[PDB]
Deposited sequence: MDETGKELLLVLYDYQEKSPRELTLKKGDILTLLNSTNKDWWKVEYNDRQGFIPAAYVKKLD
């Protein structure tokens, strides 16, 4: 959130990574949106993948 230029994401629905555990309301940093359906994201110094459908870009 300090890093200028980074894109923040709002988690809309609780998500438990099958293969990250995110709660509704959590704010993530977008790391990689190369794939349209699965995005690499960052939360509290950890990284993982989440379906793009679970989040909204805050822009």
No C-alpha coordinates means not modelled. Give me those stretches of the deposited sequence in order. 20-22
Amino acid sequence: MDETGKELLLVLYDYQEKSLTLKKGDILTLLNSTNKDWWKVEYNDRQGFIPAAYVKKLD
From here on, numbers count along this sequence of modelled residues.
Mind pulling up the entry and telling me whether 9-17 or 44-52 has the higher mean Cα temperature factor? 9-17
